[PDB]
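Student: Take a look at the following structure, please.
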Amino acid sequence: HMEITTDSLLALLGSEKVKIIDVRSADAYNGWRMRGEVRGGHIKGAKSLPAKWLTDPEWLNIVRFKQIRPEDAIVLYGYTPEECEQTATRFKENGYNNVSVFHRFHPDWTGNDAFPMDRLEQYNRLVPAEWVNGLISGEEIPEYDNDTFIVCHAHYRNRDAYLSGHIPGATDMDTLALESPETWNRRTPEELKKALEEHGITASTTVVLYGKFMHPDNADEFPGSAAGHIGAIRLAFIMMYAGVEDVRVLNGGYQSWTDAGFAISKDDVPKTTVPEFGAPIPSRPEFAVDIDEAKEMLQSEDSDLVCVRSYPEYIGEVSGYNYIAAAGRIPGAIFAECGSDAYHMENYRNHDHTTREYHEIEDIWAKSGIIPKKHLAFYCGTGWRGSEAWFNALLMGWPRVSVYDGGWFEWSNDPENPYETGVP
Ligand SMILES: [Cl-]
Ligand SMILES: [Cl-]
Ligand SMILES: [Cl-]
Ligand SMILES: [Cl-]
Ligand SMILES: [Mg+2]
Ligand SMILES: [Mg+2]
Ligand SMILES: [Mg+2]
Ligand SMILES: [Mg+2]
């Protein structure tokens, strides 16, 4: 495979005929200093294509979907050039003849302030499995300055999602612990305080949330019981609102843990009780928007509601849910199509359930005027997909992002509220 020099690559940055491809993990791409480098993240302009994906049959379709074409001048890099070899070969097997390998990313590029790098601003909230393993193992890990933690396996009324296999020592939290199946909103401060204490969580506990994807099927009574990692990010939103100061989400959920080769447990870990949550609830009320404020936001050039629903929901063909009667949409919201239905987030995720390359999310959002200079309230049917979209924006450092918790459920439950239906 041909080589490209540091000075060459520097001189080509920002040319849209050269495509720089980072074959490290998405977590390293996002900013994690996985090998102790002094500066983490990716070469400015690079795209993420983890070499992990070479063993998935999806690999070539992913490359094409990311608009990487045989006529492009491709530059690969990783922590070492040897870690790019298989990727370079797979590119050449498929007719990509202009592929170079950059050998000097680590430590030459990472170690030199003069060479541009980008990262997900708040990447340390989105943790890799190696970090969780280090935490549970009591090993020295970056981006961690606490002495108290809990790993929590989220599910919706489905303890078998946890009992069938979970991260060692993790305890399970039913989403019903922190949200009401009546309002479908976060529970009251009194209920949240007791639920968090009864799961062993204080405001100063580092909480690591993850869930298990189990292929939600709309034929089933409770499809959300299979959307465990959306549920985990929903709980992360509620905990962050409530006032857990250090909340992490395992990137890609349970699949990232098993893909990393770590041990699986089926033990039913008994919960520890803490006497005091230790902070006022909610300590971050600005993260939640309720319906009166949502109506105000529809009337301002400064703010917008962001509808993270599926297309059949948006045009009012279906409600999206076997527990929501009305079909339709909130007038004036910006559509940010989630994916295929109320329980999938394909447009925000990779095929391995890790978050989609954040620049892609940002670019698609920008085309619809979903931009950080606005106060945005993300929502959906009842707040699950909205919370995952919100979390992605939070990770990018957007300063005024919220979840409009009530969503379409609360909106349509008031017959006085106007709605739209049909193709726009
Ligand atoms: Cl890596
Ligand atoms: Cl370095
Ligand atoms: Cl999921
Ligand atoms: Cl809507
Ligand atoms: Mg340290
Ligand atoms: Mg809600
Ligand atoms: Mg559900
Ligand atoms: Mg106890």
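For the structure tokens, the naming scheme is as follows: chains receive sequential letters (A, B, ...) according to their order of presentation, residues are indexed from 1 within each chain, and ligands are indexed from 1 in presentation order.
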Can you pull out the residues contacting residue 104 (chain A)? Cut-off 10 Å, using only C-alpha atoms, and skip same-chain residues under 4 positions away; I want them as a CSV table (one decimal) with N, CA and C atoms, in the first residue's frame.
Tutor:
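This is the output file part.csv:
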chain,number,residue,atom,x,y,z
A,4,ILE,N,1.4,8.2,2.5
A,4,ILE,CA,1.4,9.7,2.4
A,4,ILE,C,2.1,10.3,3.6
A,5,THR,N,2.8,11.4,3.3
A,5,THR,CA,3.6,12.0,4.4
A,5,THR,C,2.8,13.0,5.2
A,6,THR,N,3.2,13.3,6.4
A,6,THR,CA,2.6,14.4,7.2
A,6,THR,C,2.5,15.7,6.4
A,77,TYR,N,-6.0,6.1,8.1
A,77,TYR,CA,-5.0,6.1,9.1
A,77,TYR,C,-5.6,5.4,10.3
A,78,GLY,N,-4.8,4.9,11.2
A,78,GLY,CA,-5.2,4.3,12.5
A,78,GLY,C,-4.2,4.7,13.6
A,79,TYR,N,-4.2,3.9,14.7
A,79,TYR,CA,-3.1,4.2,15.6
A,79,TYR,C,-1.7,3.8,15.1
A,80,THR,N,-1.7,2.7,14.2
A,80,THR,CA,-0.5,2.3,13.5
A,80,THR,C,-0.9,2.0,12.0
A,81,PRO,N,0.1,2.1,11.1
A,81,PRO,CA,-0.2,1.7,9.7
A,81,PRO,C,-0.6,0.3,9.6
A,108,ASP,N,2.9,11.4,16.0
A,108,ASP,CA,3.3,12.6,15.4
A,108,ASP,C,2.2,13.6,15.2
A,109,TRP,N,1.0,13.2,14.7
A,109,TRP,CA,-0.1,14.1,14.6
A,109,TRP,C,-0.7,14.5,15.9
A,110,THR,N,-1.0,13.4,16.7
A,110,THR,CA,-1.7,13.6,18.0
A,110,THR,C,-0.9,14.5,18.9
Student: To test your reading of the structure, identify every residue in region 12-239 of chain A that backbone DSSP assigns to strand (DSSP E or B), and report it as an MDAnalysis selection string.
Tutor: chainID A and resid 18:22 42:43 47:48 73:77 99:102 117:118 126:127 149:155 166 171:174 179 186 206:211 213 227
Student: Save the residues we just selected, N, CA and C atoms, as a compact mmCIF listing (two decimals), in the first residue's frame?
Tutor:
# COMPACT_ATOMS: atom_id res chain seq x y z
N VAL A 18 -9.96 14.64 -1.65
CA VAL A 18 -9.28 13.65 -0.81
C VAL A 18 -10.18 13.30 0.37
N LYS A 19 -10.35 12.00 0.62
CA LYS A 19 -11.22 11.49 1.67
C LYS A 19 -10.36 10.79 2.71
N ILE A 20 -10.27 11.38 3.90
CA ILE A 20 -9.48 10.84 5.00
C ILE A 20 -10.37 9.92 5.82
N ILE A 21 -9.89 8.70 6.09
CA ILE A 21 -10.70 7.68 6.76
C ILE A 21 -9.96 7.17 8.00
N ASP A 22 -10.60 7.33 9.15
CA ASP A 22 -10.07 6.90 10.45
C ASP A 22 -10.60 5.50 10.75
N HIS A 42 -9.90 13.01 15.92
CA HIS A 42 -9.55 12.61 14.57
C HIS A 42 -8.91 13.76 13.80
N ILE A 43 -8.19 13.39 12.74
CA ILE A 43 -7.69 14.40 11.82
C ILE A 43 -8.87 15.18 11.26
N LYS A 47 -13.43 10.93 8.11
CA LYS A 47 -14.66 10.17 8.32
C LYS A 47 -14.32 8.96 9.17
N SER A 48 -15.32 8.45 9.90
CA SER A 48 -15.15 7.28 10.74
C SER A 48 -15.55 6.00 10.01
N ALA A 73 -9.62 9.88 -3.91
CA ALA A 73 -8.29 9.69 -3.34
C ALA A 73 -8.46 9.44 -1.85
N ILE A 74 -8.21 8.21 -1.43
CA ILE A 74 -8.48 7.75 -0.07
C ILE A 74 -7.19 7.77 0.74
N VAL A 75 -7.25 8.35 1.93
CA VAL A 75 -6.15 8.28 2.89
C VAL A 75 -6.70 7.57 4.13
N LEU A 76 -6.09 6.45 4.49
CA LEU A 76 -6.45 5.72 5.70
C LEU A 76 -5.48 6.06 6.82
N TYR A 77 -5.98 6.13 8.06
CA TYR A 77 -5.02 6.09 9.15
C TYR A 77 -5.64 5.39 10.33
N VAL A 99 -5.67 4.53 -2.93
CA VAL A 99 -5.68 4.36 -1.48
C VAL A 99 -4.26 4.53 -0.96
N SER A 100 -4.07 5.49 -0.05
CA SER A 100 -2.79 5.70 0.62
C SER A 100 -3.00 5.49 2.12
N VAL A 101 -1.92 5.12 2.81
CA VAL A 101 -1.93 4.97 4.26
C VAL A 101 -1.03 6.03 4.88
N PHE A 102 -1.57 6.77 5.84
CA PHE A 102 -0.81 7.74 6.61
C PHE A 102 -0.26 7.03 7.84
N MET A 117 -7.05 18.79 14.67
CA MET A 117 -7.83 17.64 15.10
C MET A 117 -9.19 18.13 15.55
N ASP A 118 -10.21 17.30 15.35
CA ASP A 118 -11.56 17.57 15.83
C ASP A 118 -11.97 16.46 16.79
N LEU A 126 -19.98 9.56 26.48
CA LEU A 126 -20.32 8.43 25.63
C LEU A 126 -19.15 7.45 25.67
N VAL A 127 -19.25 6.42 26.52
CA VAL A 127 -18.04 5.70 26.91
C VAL A 127 -17.86 4.43 26.10
N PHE A 149 -19.51 4.41 41.74
CA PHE A 149 -20.14 4.22 40.44
C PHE A 149 -21.16 3.11 40.52
N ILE A 150 -22.03 3.08 39.52
CA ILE A 150 -22.99 2.00 39.35
C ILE A 150 -23.18 1.83 37.85
N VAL A 151 -23.21 0.58 37.40
CA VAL A 151 -23.54 0.24 36.01
C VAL A 151 -24.97 -0.27 35.99
N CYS A 152 -25.81 0.36 35.17
CA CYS A 152 -27.25 0.10 35.18
C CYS A 152 -27.71 -0.33 33.80
N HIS A 153 -28.36 -1.50 33.77
CA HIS A 153 -28.92 -2.13 32.55
C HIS A 153 -30.39 -1.73 32.44
N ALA A 154 -30.68 -0.85 31.48
CA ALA A 154 -32.03 -0.33 31.29
C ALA A 154 -32.88 -1.30 30.46
N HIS A 155 -34.16 -1.36 30.81
CA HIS A 155 -35.13 -2.11 30.01
C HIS A 155 -36.50 -1.56 30.36
N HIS A 166 -25.84 -9.78 31.07
CA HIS A 166 -25.60 -8.37 31.38
C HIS A 166 -24.13 -8.18 31.74
N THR A 171 -26.69 -3.77 37.80
CA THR A 171 -28.06 -3.93 38.27
C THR A 171 -29.01 -3.42 37.18
N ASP A 172 -30.25 -3.90 37.20
CA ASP A 172 -31.21 -3.47 36.18
C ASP A 172 -32.08 -2.33 36.71
N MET A 173 -32.46 -1.43 35.79
CA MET A 173 -33.46 -0.42 36.08
C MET A 173 -34.54 -0.48 35.00
N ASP A 174 -35.76 -0.81 35.42
CA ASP A 174 -36.93 -0.64 34.57
C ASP A 174 -37.12 0.84 34.28
N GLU A 179 -40.03 6.90 34.81
CA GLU A 179 -41.11 7.53 34.06
C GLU A 179 -42.41 6.80 34.33
N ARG A 186 -41.37 11.90 32.72
CA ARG A 186 -40.56 11.69 33.92
C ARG A 186 -41.45 11.81 35.16
N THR A 206 -21.20 8.16 39.77
CA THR A 206 -21.04 8.03 38.32
C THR A 206 -21.96 6.89 37.86
N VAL A 207 -22.95 7.19 37.03
CA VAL A 207 -23.93 6.19 36.59
C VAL A 207 -23.64 5.88 35.14
N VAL A 208 -23.40 4.60 34.85
CA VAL A 208 -23.16 4.14 33.49
C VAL A 208 -24.39 3.40 33.03
N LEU A 209 -25.07 3.92 31.99
CA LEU A 209 -26.30 3.32 31.50
C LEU A 209 -26.05 2.61 30.18
N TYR A 210 -26.72 1.49 30.01
CA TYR A 210 -26.70 0.79 28.72
C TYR A 210 -27.95 -0.08 28.64
N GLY A 211 -28.33 -0.45 27.41
CA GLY A 211 -29.44 -1.39 27.26
C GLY A 211 -29.12 -2.40 26.16
N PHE A 213 -30.39 -4.25 22.71
CA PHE A 213 -31.28 -4.24 21.54
C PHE A 213 -31.72 -5.66 21.24
N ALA A 227 -36.20 -2.39 22.91
CA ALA A 227 -35.40 -1.24 22.51
C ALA A 227 -34.62 -0.72 23.72
Student: Taking only C-alpha atoms and all ligand atoms into account, which residues are within 8 Å of ligand 1, as a ChimeraX atom specification?
Tutor: /A:24-29,34-35,79
Student: For the residues selected in the previous step, produce a file with N, CA, C and O atoms as an mmCIF file, in the first residue's frame.
Tutor:
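Listed below is the output, result.cif:
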data_model
loop_
_atom_site.group_PDB
_atom_site.id
_atom_site.type_symbol
_atom_site.label_atom_id
_atom_site.label_comp_id
_atom_site.auth_asym_id
_atom_site.auth_seq_id
_atom_site.Cartn_x
_atom_site.Cartn_y
_atom_site.Cartn_z
ATOM 1 N N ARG A 24 -9.910 3.627 13.367
ATOM 2 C CA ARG A 24 -9.970 3.318 14.798
ATOM 3 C C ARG A 24 -11.417 3.191 15.233
ATOM 4 O O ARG A 24 -12.338 3.368 14.428
ATOM 5 N N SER A 25 -11.620 2.875 16.518
ATOM 6 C CA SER A 25 -12.988 2.767 17.008
ATOM 7 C C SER A 25 -13.684 4.106 16.891
ATOM 8 O O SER A 25 -13.053 5.158 16.890
ATOM 9 N N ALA A 26 -15.026 4.060 16.856
ATOM 10 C CA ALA A 26 -15.757 5.321 16.861
ATOM 11 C C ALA A 26 -15.471 6.111 18.131
ATOM 12 O O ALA A 26 -15.529 7.342 18.134
ATOM 13 N N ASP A 27 -15.174 5.418 19.224
ATOM 14 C CA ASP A 27 -14.905 6.137 20.460
ATOM 15 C C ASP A 27 -13.594 6.908 20.382
ATOM 16 O O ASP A 27 -13.528 8.045 20.850
ATOM 17 N N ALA A 28 -12.547 6.302 19.810
ATOM 18 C CA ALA A 28 -11.291 7.031 19.582
ATOM 19 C C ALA A 28 -11.532 8.223 18.656
ATOM 20 O O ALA A 28 -11.120 9.353 18.951
ATOM 21 N N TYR A 29 -12.262 7.979 17.553
ATOM 22 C CA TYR A 29 -12.660 9.045 16.643
ATOM 23 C C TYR A 29 -13.316 10.200 17.382
ATOM 24 O O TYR A 29 -13.033 11.370 17.092
ATOM 25 N N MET A 34 -7.557 6.389 23.590
ATOM 26 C CA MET A 34 -7.570 4.960 23.849
ATOM 27 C C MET A 34 -6.184 4.386 24.058
ATOM 28 O O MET A 34 -6.058 3.318 24.672
ATOM 29 N N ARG A 35 -5.143 5.049 23.556
ATOM 30 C CA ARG A 35 -3.781 4.546 23.735
ATOM 31 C C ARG A 35 -2.891 5.545 24.466
ATOM 32 O O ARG A 35 -1.666 5.531 24.303
ATOM 33 N N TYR A 79 -4.157 3.939 14.663
ATOM 34 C CA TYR A 79 -3.094 4.167 15.629
ATOM 35 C C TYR A 79 -1.737 3.758 15.069
ATOM 36 O O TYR A 79 -0.713 4.360 15.421
#
Student: Could you give me, as an mmCIF file with N, CA and C atoms, in the first residue's frame, every polymer residue with an atom at most 10 Å away from an atom of ligand 3, counting only C-alpha atoms and all ligand atoms?
Tutor:
data_model
loop_
_atom_site.group_PDB
_atom_site.id
_atom_site.type_symbol
_atom_site.label_atom_id
_atom_site.label_comp_id
_atom_site.auth_asym_id
_atom_site.auth_seq_id
_atom_site.Cartn_x
_atom_site.Cartn_y
_atom_site.Cartn_z
ATOM 1 N N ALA A 154 -30.684 -0.854 31.482
ATOM 2 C CA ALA A 154 -32.030 -0.335 31.286
ATOM 3 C C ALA A 154 -32.881 -1.304 30.462
ATOM 4 N N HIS A 155 -34.158 -1.365 30.811
ATOM 5 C CA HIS A 155 -35.132 -2.113 30.014
ATOM 6 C C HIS A 155 -36.498 -1.556 30.361
ATOM 7 N N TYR A 210 -26.725 1.488 30.007
ATOM 8 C CA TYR A 210 -26.703 0.791 28.718
ATOM 9 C C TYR A 210 -27.951 -0.076 28.641
ATOM 10 N N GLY A 211 -28.333 -0.452 27.415
ATOM 11 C CA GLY A 211 -29.436 -1.389 27.259
ATOM 12 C C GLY A 211 -29.118 -2.396 26.161
ATOM 13 N N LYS A 212 -30.030 -3.350 25.998
ATOM 14 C CA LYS A 212 -29.853 -4.453 25.050
ATOM 15 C C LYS A 212 -30.876 -4.303 23.942
ATOM 16 N N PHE A 213 -30.393 -4.248 22.706
ATOM 17 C CA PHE A 213 -31.276 -4.241 21.543
ATOM 18 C C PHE A 213 -31.721 -5.665 21.240
ATOM 19 N N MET A 214 -33.039 -5.873 21.144
ATOM 20 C CA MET A 214 -33.593 -7.217 20.978
ATOM 21 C C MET A 214 -34.626 -7.246 19.853
ATOM 22 N N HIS A 215 -34.456 -6.380 18.866
ATOM 23 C CA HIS A 215 -35.264 -6.365 17.636
ATOM 24 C C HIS A 215 -36.744 -6.105 17.893
ATOM 25 N N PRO A 216 -37.098 -4.884 18.271
ATOM 26 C CA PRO A 216 -38.508 -4.548 18.479
ATOM 27 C C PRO A 216 -39.333 -4.894 17.249
ATOM 28 N N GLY A 224 -41.217 -1.780 22.989
ATOM 29 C CA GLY A 224 -40.166 -1.036 23.680
ATOM 30 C C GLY A 224 -39.391 -1.896 24.646
ATOM 31 N N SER A 225 -39.941 -3.050 25.037
ATOM 32 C CA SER A 225 -39.161 -3.977 25.852
ATOM 33 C C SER A 225 -37.927 -4.482 25.127
ATOM 34 N N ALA A 226 -37.865 -4.304 23.807
ATOM 35 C CA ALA A 226 -36.733 -4.767 23.018
ATOM 36 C C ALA A 226 -35.837 -3.628 22.586
ATOM 37 N N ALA A 227 -36.204 -2.394 22.910
ATOM 38 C CA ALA A 227 -35.397 -1.236 22.513
ATOM 39 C C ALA A 227 -34.625 -0.722 23.720
ATOM 40 N N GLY A 228 -33.810 -1.607 24.296
ATOM 41 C CA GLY A 228 -33.201 -1.327 25.585
ATOM 42 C C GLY A 228 -32.224 -0.165 25.569
ATOM 43 N N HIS A 229 -31.498 0.025 24.478
ATOM 44 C CA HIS A 229 -30.537 1.124 24.495
ATOM 45 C C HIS A 229 -31.195 2.485 24.246
ATOM 46 N N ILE A 230 -32.271 2.586 23.451
ATOM 47 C CA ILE A 230 -33.044 3.827 23.484
ATOM 48 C C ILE A 230 -33.516 4.082 24.908
ATOM 49 N N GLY A 231 -34.009 3.031 25.580
ATOM 50 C CA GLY A 231 -34.477 3.174 26.956
ATOM 51 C C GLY A 231 -33.379 3.653 27.881
ATOM 52 N N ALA A 232 -32.152 3.171 27.660
ATOM 53 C CA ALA A 232 -31.024 3.614 28.479
ATOM 54 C C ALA A 232 -30.758 5.097 28.294
ATOM 55 N N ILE A 233 -30.846 5.592 27.058
ATOM 56 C CA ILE A 233 -30.572 7.009 26.833
ATOM 57 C C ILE A 233 -31.735 7.862 27.362
ATOM 58 N N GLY A 252 -23.242 2.174 21.929
ATOM 59 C CA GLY A 252 -23.668 0.950 21.289
ATOM 60 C C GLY A 252 -24.283 -0.051 22.214
ATOM 61 N N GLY A 253 -24.389 0.261 23.510
ATOM 62 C CA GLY A 253 -25.114 -0.601 24.417
ATOM 63 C C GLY A 253 -24.439 -1.943 24.614
ATOM 64 N N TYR A 254 -25.276 -2.934 24.948
ATOM 65 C CA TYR A 254 -24.769 -4.248 25.310
ATOM 66 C C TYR A 254 -23.944 -4.856 24.189
ATOM 67 N N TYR A 343 -39.664 2.520 17.459
ATOM 68 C CA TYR A 343 -38.725 1.829 18.330
ATOM 69 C C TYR A 343 -37.351 1.658 17.696
ATOM 70 N N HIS A 344 -37.058 2.388 16.626
ATOM 71 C CA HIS A 344 -35.779 2.276 15.936
ATOM 72 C C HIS A 344 -35.237 3.663 15.650
ATOM 73 N N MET A 345 -33.919 3.771 15.710
ATOM 74 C CA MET A 345 -33.195 5.028 15.512
ATOM 75 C C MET A 345 -32.114 4.886 14.447
ATOM 76 N N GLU A 346 -32.433 4.207 13.340
ATOM 77 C CA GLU A 346 -31.425 3.912 12.319
ATOM 78 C C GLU A 346 -30.744 5.161 11.795
ATOM 79 N N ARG A 349 -27.826 6.122 14.175
ATOM 80 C CA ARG A 349 -26.969 5.067 14.673
ATOM 81 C C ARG A 349 -26.246 4.383 13.533
ATOM 82 N N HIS A 353 -25.163 -0.132 16.508
ATOM 83 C CA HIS A 353 -25.908 0.670 17.497
ATOM 84 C C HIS A 353 -25.102 1.786 18.125
ATOM 85 N N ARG A 385 -37.272 8.401 21.703
ATOM 86 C CA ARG A 385 -36.387 8.751 20.582
ATOM 87 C C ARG A 385 -35.924 10.191 20.713
#
Student: Residues of chain A that have any atom at most 8 Å from an atom of ligand 2: could you tabulate them with the shortest-distance atom pair and the distance in Å to one decimal, using only C-alpha atoms and all ligand atoms, ordered by chain and increasing number, as a Markdown table?
Tutor:
| residue | atom | partner | partner_atom_place_in_ligand_line | distance |
| --- | --- | --- | --- | --- |
| A:36 | CA | ligand 2 | 1 (Cl) | 7.2 |
| A:37 | CA | ligand 2 | 1 (Cl) | 3.7 |
| A:38 | CA | ligand 2 | 1 (Cl) | 4.2 |
| A:39 | CA | ligand 2 | 1 (Cl) | 6.0 |
| A:106 | CA | ligand 2 | 1 (Cl) | 5.9 |
| A:107 | CA | ligand 2 | 1 (Cl) | 4.1 |
| A:108 | CA | ligand 2 | 1 (Cl) | 6.7 |
| A:109 | CA | ligand 2 | 1 (Cl) | 7.3 |
| A:110 | CA | ligand 2 | 1 (Cl) | 4.5 |
| A:111 | CA | ligand 2 | 1 (Cl) | 3.8 |
| A:112 | CA | ligand 2 | 1 (Cl) | 7.5 |
Student: Return the single residue from A:165, A:397, A:285, A:40 that is closest to residue 143 (chain A), with distances computed using only C-alpha atoms.
Tutor: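 Of A:165, A:397, A:285, A:40, the one nearest residue 143 (chain A), counting only C-alpha atoms, is A:40.
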Student: Using only C-alpha atoms and all ligand atoms, which residues have at least one atom no more than 6 Å from ligand 8? Output them as an MDAnalysis selection string.
Tutor: chainID A and resid 271:273
Student: Within 10 Å of region 134-140 of chain A, counting only C-alpha atoms, which residues show up once you throw out same-chain ones fewer than 2 positions away? Write them as a ChimeraX atom specification, please.
Tutor: /A:129-132,142-145,147-151,167-170,208
Student: Residues within 10 Å of ligand 6 (only C-alpha atoms and all ligand atoms), as a ChimeraX atom specification?
Tutor: /A:179-187,234,288-290,379-384,386-387,403-410
Student: How would the residues just chosen look if you wrote them out with N, CA, C and O atoms as a short mmCIF file (atom, residue, chain, number, x, y, z; two decimals), in the first residue's frame?
Tutor:
data_model
loop_
_atom_site.label_atom_id
_atom_site.label_comp_id
_atom_site.auth_asym_id
_atom_site.auth_seq_id
_atom_site.Cartn_x
_atom_site.Cartn_y
_atom_site.Cartn_z
N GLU A 179 -40.03 6.90 34.81
CA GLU A 179 -41.11 7.53 34.06
C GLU A 179 -42.41 6.80 34.33
O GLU A 179 -42.43 5.60 34.63
N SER A 180 -43.48 7.53 34.24
CA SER A 180 -44.84 7.08 34.55
C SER A 180 -45.46 6.44 33.32
O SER A 180 -45.45 7.06 32.26
N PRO A 181 -46.11 5.28 33.42
CA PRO A 181 -46.86 4.74 32.27
C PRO A 181 -48.26 5.32 32.13
O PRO A 181 -49.06 4.83 31.33
N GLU A 182 -48.55 6.36 32.90
CA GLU A 182 -49.77 7.12 32.78
C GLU A 182 -49.53 8.41 32.02
O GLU A 182 -50.17 8.67 31.00
N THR A 183 -48.62 9.25 32.52
CA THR A 183 -48.28 10.47 31.80
C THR A 183 -47.29 10.24 30.66
O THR A 183 -47.18 11.11 29.78
N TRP A 184 -46.55 9.13 30.71
CA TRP A 184 -45.38 8.87 29.87
C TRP A 184 -44.33 9.96 29.99
O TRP A 184 -43.45 10.07 29.14
N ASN A 185 -44.38 10.73 31.07
CA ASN A 185 -43.35 11.71 31.36
C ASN A 185 -42.51 11.25 32.54
O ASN A 185 -42.91 10.37 33.31
N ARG A 186 -41.37 11.90 32.72
CA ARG A 186 -40.56 11.69 33.92
C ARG A 186 -41.45 11.81 35.16
O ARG A 186 -42.42 12.57 35.18
N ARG A 187 -41.11 11.05 36.19
CA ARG A 187 -41.91 11.06 37.41
C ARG A 187 -41.65 12.34 38.21
O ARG A 187 -40.75 13.13 37.90
N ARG A 234 -32.94 7.32 27.32
CA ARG A 234 -34.08 7.97 27.94
C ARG A 234 -33.83 8.14 29.43
O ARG A 234 -34.13 9.19 30.00
N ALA A 288 -35.62 19.80 30.50
CA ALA A 288 -36.97 19.36 30.19
C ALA A 288 -37.85 20.55 29.83
O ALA A 288 -37.81 21.60 30.49
N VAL A 289 -38.63 20.37 28.77
CA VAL A 289 -39.65 21.32 28.34
C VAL A 289 -41.00 20.62 28.46
O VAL A 289 -41.17 19.48 28.00
N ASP A 290 -41.97 21.31 29.06
CA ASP A 290 -43.33 20.80 29.10
C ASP A 290 -44.20 21.58 28.11
O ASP A 290 -43.72 22.44 27.37
N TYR A 379 -38.53 15.84 20.57
CA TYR A 379 -39.65 15.05 21.12
C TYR A 379 -40.06 13.91 20.17
O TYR A 379 -39.62 13.83 19.02
N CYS A 380 -40.94 13.04 20.63
CA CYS A 380 -41.43 12.01 19.76
C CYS A 380 -42.81 11.65 20.30
O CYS A 380 -43.60 12.50 20.68
N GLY A 381 -43.11 10.36 20.34
CA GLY A 381 -44.38 9.92 20.89
C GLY A 381 -44.48 10.23 22.37
O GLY A 381 -45.44 10.86 22.83
N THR A 382 -43.49 9.75 23.14
CA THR A 382 -43.51 9.99 24.58
C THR A 382 -42.15 10.39 25.13
O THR A 382 -42.02 10.60 26.33
N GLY A 383 -41.13 10.50 24.29
CA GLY A 383 -39.86 11.04 24.76
C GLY A 383 -38.66 10.13 24.63
O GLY A 383 -37.54 10.59 24.87
N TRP A 384 -38.83 8.86 24.22
CA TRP A 384 -37.68 7.97 24.09
C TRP A 384 -36.76 8.39 22.94
O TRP A 384 -35.59 8.69 23.16
N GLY A 386 -36.81 11.06 21.23
CA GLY A 386 -36.45 12.45 21.48
C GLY A 386 -35.24 12.57 22.39
O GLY A 386 -34.36 13.38 22.15
N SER A 387 -35.18 11.73 23.43
CA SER A 387 -34.05 11.76 24.34
C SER A 387 -32.75 11.33 23.66
O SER A 387 -31.68 11.89 23.94
N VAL A 403 -35.54 18.19 25.94
CA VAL A 403 -36.55 17.22 25.50
C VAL A 403 -37.91 17.80 25.85
O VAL A 403 -38.16 18.12 27.02
N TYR A 404 -38.80 17.94 24.86
CA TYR A 404 -40.20 18.23 25.18
C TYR A 404 -40.81 16.87 25.54
O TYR A 404 -41.15 16.07 24.68
N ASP A 405 -40.93 16.64 26.84
CA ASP A 405 -41.21 15.31 27.36
C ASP A 405 -42.56 14.81 26.87
O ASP A 405 -42.68 13.66 26.42
N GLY A 406 -43.59 15.66 26.93
CA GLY A 406 -44.94 15.18 26.65
C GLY A 406 -45.11 14.61 25.26
O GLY A 406 -45.83 13.63 25.06
N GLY A 407 -44.46 15.22 24.27
CA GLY A 407 -44.51 14.74 22.92
C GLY A 407 -45.91 14.70 22.34
O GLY A 407 -46.81 15.44 22.74
N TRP A 408 -46.05 13.83 21.35
CA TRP A 408 -47.32 13.68 20.65
C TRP A 408 -48.38 13.09 21.57
O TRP A 408 -49.55 13.47 21.48
N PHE A 409 -47.98 12.20 22.50
CA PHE A 409 -48.95 11.67 23.47
C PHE A 409 -49.64 12.80 24.23
O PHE A 409 -50.88 12.88 24.26
N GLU A 410 -48.86 13.65 24.90
CA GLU A 410 -49.48 14.70 25.69
C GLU A 410 -50.20 15.70 24.80
O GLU A 410 -51.30 16.14 25.11
#
Student: Using only C-alpha atoms and all ligand atoms, which of the listed residues (A:157, A:194, A:33, A:90) sits closest to ligand 7?
Tutor: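 The answer is A:157, which sits nearest to ligand 7.
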Student: Residues contacting ligand 4 - anything with an atom at most 6 Å away, using only C-alpha atoms and all ligand atoms - can you give me those as a list in words?
Tutor: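 Listed by chain and ascending number, the contacts are residues 307, 314, 329, 330 and 408 of chain A.
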Student: Now that the selection is made, can you save its residues with N, CA, C and O atoms as an mmCIF file, in the first residue's frame?
Tutor:
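The new file again-v7.cif reads:
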data_model
loop_
_atom_site.group_PDB
_atom_site.id
_atom_site.type_symbol
_atom_site.label_atom_id
_atom_site.label_comp_id
_atom_site.auth_asym_id
_atom_site.auth_seq_id
_atom_site.Cartn_x
_atom_site.Cartn_y
_atom_site.Cartn_z
ATOM 1 N N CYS A 307 -39.183 17.069 15.755
ATOM 2 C CA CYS A 307 -40.046 15.877 15.743
ATOM 3 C C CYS A 307 -39.201 14.679 15.306
ATOM 4 O O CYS A 307 -38.933 14.481 14.103
ATOM 5 N N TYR A 314 -45.459 10.783 11.025
ATOM 6 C CA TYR A 314 -45.455 12.200 10.689
ATOM 7 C C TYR A 314 -46.615 12.570 9.767
ATOM 8 O O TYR A 314 -47.212 13.642 9.916
ATOM 9 N N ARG A 329 -49.576 15.046 13.616
ATOM 10 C CA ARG A 329 -48.329 15.709 13.971
ATOM 11 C C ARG A 329 -48.615 17.091 14.552
ATOM 12 O O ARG A 329 -49.650 17.709 14.277
ATOM 13 N N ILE A 330 -47.661 17.573 15.343
ATOM 14 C CA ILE A 330 -47.696 18.906 15.932
ATOM 15 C C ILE A 330 -47.418 19.952 14.858
ATOM 16 O O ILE A 330 -46.350 19.925 14.236
ATOM 17 N N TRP A 408 -46.052 13.831 21.346
ATOM 18 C CA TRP A 408 -47.320 13.680 20.653
ATOM 19 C C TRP A 408 -48.376 13.086 21.573
ATOM 20 O O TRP A 408 -49.546 13.470 21.481
#
Student: CA of residue 327 (chain A) and CA of residue 421 (chain A) are how many Å apart?
Tutor: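 According to the coordinates, CA of residue 327 (chain A) and CA of residue 421 (chain A) are separated by 7.7 Å.
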